[PDB]
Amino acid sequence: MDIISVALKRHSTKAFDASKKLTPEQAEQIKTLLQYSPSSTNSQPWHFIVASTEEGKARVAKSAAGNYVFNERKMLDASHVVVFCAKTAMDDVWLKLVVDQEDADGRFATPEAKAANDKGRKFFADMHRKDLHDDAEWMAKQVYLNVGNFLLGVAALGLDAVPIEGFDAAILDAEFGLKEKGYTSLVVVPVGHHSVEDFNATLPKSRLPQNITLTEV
């Protein structure tokens, strides 16, 4: 509405209404938000698993079977459950896939502009995978940027969601065969409509005062 109005009214939902499914239109919009999120050098080091079926959702809920049981209902009652994944290593095949896609979309006027752009991405990529040896952590951050974009995007659509770190990535990666494919699960985000059992919806929002976290100059 006010994007500040949605920012202030949104909340991580604790209980979902199993009966409230997303319309095919919202299911499409939600996917658009996942795809069009920005990332450093437009590297898009990610993969998304959108579960809509009960068998699919239950497959995801398998990762919270351990000591994260209090999270299962959340992944089952929600309409769609999206698991954000990040690349395990930045490879040359992925970088070529990006600039070639940028070229296909008409972003370069000459072949030199494309070369310069590829060289520029390589500068950052090599800085992480060659020098600092932190390319995996680098890419993981880009996915979290996407989740942040996503959580605000859904709230603005009028949908309820909750980010979940409380799940076993080892089991999740195993169940979907990810990272044989070069990926690792990071965040599981259930999307749908909240029920009445969600007490968090009627509680006041809480954040530290700006005089603690903000410095103006």
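Rigid core here is just the name for the largest C-alpha set that superposes within 1.5 Å across the two forms. A residue's number is simply how far along the shown sequence it sits, counting from 1.
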Of 183 to 191 and 65 to 73, which departs more from this form in 6 other deposited structures of this protein by CA RMS after core fitting:
65 to 73
Averaging the C-alpha temperature factors as deposited, the higher value of 147 to 155 versus 26 to 34 falls on 26 to 34
Segment of higher mean CA temperature factor, 74 to 82 or 121 to 129:
121 to 129
Reading the B-factor column of the entry, which of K21, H194, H11, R207 has the highest value at its C-alpha atom?
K21
When the entry's CA B-factors for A136, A109, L97, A104 are compared, the highest one belongs to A109
Of the three thirds of Cα B-factor ranks in this chain, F48 occupies the lowest
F167 - Cα temperature factor, lowest/middle/highest third of chain:
lowest
Relative to the other modelled residues in the chain, which third contains the C-alpha temperature factor of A140: lowest, middle or highest?
lowest
Relative to the other modelled residues in the chain, which third contains the C-alpha temperature factor of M1: lowest, middle or highest?
highest
Among the modelled residues of its chain, the C-alpha B-factor of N42 falls in the third labelled lowest
